[PDB]
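Atoms within each ligand, like the ligands themselves, are counted from 1 in listed order. Computed over heavy atoms, backbone and side chain alike; hydrogens, waters and symmetry mates excluded. Residue indices begin at 1 and follow the sequence shown.
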Amino acid sequence: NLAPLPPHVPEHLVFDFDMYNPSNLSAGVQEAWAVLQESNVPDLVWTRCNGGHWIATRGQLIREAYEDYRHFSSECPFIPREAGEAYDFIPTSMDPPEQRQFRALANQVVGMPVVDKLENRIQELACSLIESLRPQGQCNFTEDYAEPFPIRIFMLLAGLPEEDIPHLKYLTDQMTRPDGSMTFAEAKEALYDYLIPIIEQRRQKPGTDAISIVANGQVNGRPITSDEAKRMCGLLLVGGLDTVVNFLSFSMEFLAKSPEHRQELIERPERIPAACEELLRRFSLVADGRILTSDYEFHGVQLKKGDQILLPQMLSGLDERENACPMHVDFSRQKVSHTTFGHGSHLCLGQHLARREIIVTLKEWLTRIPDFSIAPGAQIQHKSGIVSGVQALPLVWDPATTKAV
Ligand code: HEM
Ligand SMILES: O=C1C[C@H]2CC[C@@H]1C2
């Protein structure tokens, strides 16, 4: 299902990439997207899939488009258009200068100072989850750790019941990795239906949770509205539930397959921070975009007003111009270049939280379960979309080689 090429699109620029079902998926999701960076592909291409849109394939263009909010607007950041149109999360669907006030608030909730406050729980949950797994010599890492670890920390931050997870998780998944089961507007509506009562409850009787803080915040000297709070929280959920979860699986899948990388972190712990950035570069997983506010010539390609462009945050760091031997994991790279957390005014607020969750996990897992591998004959399946994921990750290990702490 390729849409007919618009008249302004030169046929030499066509490359029919399906962000939702890329051809090389078997090889891995990063590898499947990396095809866009082969010598045969122009830097800026047009795909006829998903209704037709542009894709920037290079770190250079991605960074520029991100910096340029005057031309590339956040207003409609998701492909396909219907999804981008229904998308109304704050601060993500807004441009500066309006964005700024909303960002300052979300920052109060997810920011540095919150991490510093939650540090002991993160460490506590990580240790508890691992210890519980250790003696079993086998898990489903995605269901057993990747999911509960980050999610329970989020549920804690948000003051939401663990009971709600499954429901919330599903709706979130529909938004980033649509199934066909529900349209974006539908999913969005369901999420909002969930939240509305909660926001109401917390405007009345405020707590110390993230929702209470957002529901009663000030923006541009006045109180946030119910609709604004709902739009903020909807974003917080997607970030809390769907990002860190997916990243850990990719990282763990890699560690499971590379004994020498595990060893390196075991002996040279001082390398964990560097390694964490290198995994962020190598297993980058977000791809959203922007919308042209007007006709604009960019790197000699004529973009028309209303055109959408995918600016895959995932691709910057896989770009050979940015990182020599990009598909290779090297914890001792002199410079790890990526835009895994974005670039420009929308730079990820939760990055501090995400790095803490990653680093604790590496340190704590390796401490207790230094030697593990993928279950014999398990075929690991990746999934692509706005946020790419791993379907399941069966791990196996010998209990006898683990260490209780
Ligand atoms: C590995 C984990 C994560 C990745 C790769 C990631 C990636 C991103 C990216 C690429 C953007 C910008 C999108 C754009 O420019 O359209 C973003 C923005 C955002 N992320 Fe993160 N994120 C992660 C974790 C989180 C977490 C855990 C939270 C909160 C619980 C979160 C909250 C946010 C918020 C609030 C923004 C919007 C900032 C603004 O618009 O000013 N993120 N993230
Ligand atoms: O809406 C979105 C922007 C990035 C963070 C969550 C999801 C991907």
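At a heavy-atom cutoff of 4.0 Å, ligand 1 is contacted by the side chain of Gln99 but not by its backbone. Counting heavy atoms under 4.0 Å from ligand 1, residue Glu357 does not touch it at all. Using a 4.0 Å cut-off between heavy atoms, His346 contacts ligand 1 through both its backbone and its side chain.
Salt-bridge check for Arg262 with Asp371: passed, with a basic side-chain N closer than 4.0 Å to an acidic carboxylate O. Under 4.0 Å is where a charged nitrogen must lie from a carboxylate oxygen, and between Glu124 and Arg121 at least one such pair does.
The single protein non-hydrogen atom nearest to atom 29 (C) of ligand 1 is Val110 CG1, 4.0 Å, given as residue, atom name and distance. The single protein non-hydrogen atom nearest to atom 5 (C) of ligand 1 is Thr340 O, 3.5 Å, given as residue, atom name and distance. If you check which protein heavy atom lies closest to atom 16 (O) of ligand 1, you get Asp288 OD2, 2.6 Å.
Interatomic distance, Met314 CE to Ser384 OG, rounded to the nearest 0.5 Å: 6.0 Å.
Ring-plane geometry between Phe331 and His261 is classed as perpendicular, the angle between the planes exceeding 60 degrees on a 0 to 90 degree scale with a lower cut at 30. Between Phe78 and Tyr87, the ring planes lie tilted relative to each other; the angle falls in the 30° to 60° range.
Residue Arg290 has at least one heavy-atom neighbour below 4.0 Å for each of these atoms of ligand 1: 14 (C), 15 (O), 16 (O). Heavy-atom contacts of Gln313 reach the following atoms of ligand 1: 10 (C), 13 (C), 14 (C), 15 (O) (cutoff under 4.0 Å). Interface atoms of ligand 1 facing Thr92, defined by a heavy-atom separation under 4.0 Å, are 37 (C), 40 (O).
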Exercise for the section: Decide salt bridge (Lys or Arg N to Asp or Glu O under 4.0 Å) for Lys304 and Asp295; before the verdict, give the C-alpha distance in whole Å, the side-chain angles of both, and the deciding distance to 0.1 Å. Expected result: CA-CA 4 Å; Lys304 290 208 165 169; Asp295 296 6; 5.5 Å; no
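Residues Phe250 and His382 place their aromatic rings such that the two centres sit under 6.0 Å apart. Two rings, from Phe254 and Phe283, have their centers less than 6.0 Å apart. Taking the six-membered ring for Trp and the full ring otherwise, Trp365 and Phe141 have centroids separated by under 6.0 Å.
When atom types are taken as modelled, the side chain of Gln218 and the backbone of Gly221 share a donor-acceptor pair closer than 3.5 angstrom.
In this structure, of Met232, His338, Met94, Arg103, the residue bringing a heavy atom nearest to atom 41 (O) of ligand 1 is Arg103.
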Check ligand 2 against the protein and report each N/O to N/O distance under 3.5 Å, formatted as atom name, atom name, distance.
residue  : atom  : partner : partner atom : Å
ligand 2 : 1 (O) : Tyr87   : OH           : 2.6

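The residue from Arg333, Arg58, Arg63 that alone fulfils the salt bridge (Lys or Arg N to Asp or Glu O under 4.0 Å) condition with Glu322 is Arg63. Partner of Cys139 under the side-chain contact (heavy atoms from CB on, under 4.5 Å) criterion, chosen from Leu129, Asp144, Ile130: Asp144.
Between the side chains of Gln99 and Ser345, a donor-acceptor pair is found at a separation under 3.5 Å.
Under the 6.0 Å distance and 45° angle rule, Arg231 does not count as a cation-pi partner of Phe102.
Within a radius of less than 2.8 Å around atom 21 (Fe) of ligand 1, the protein N, O or S atoms are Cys348 SG.
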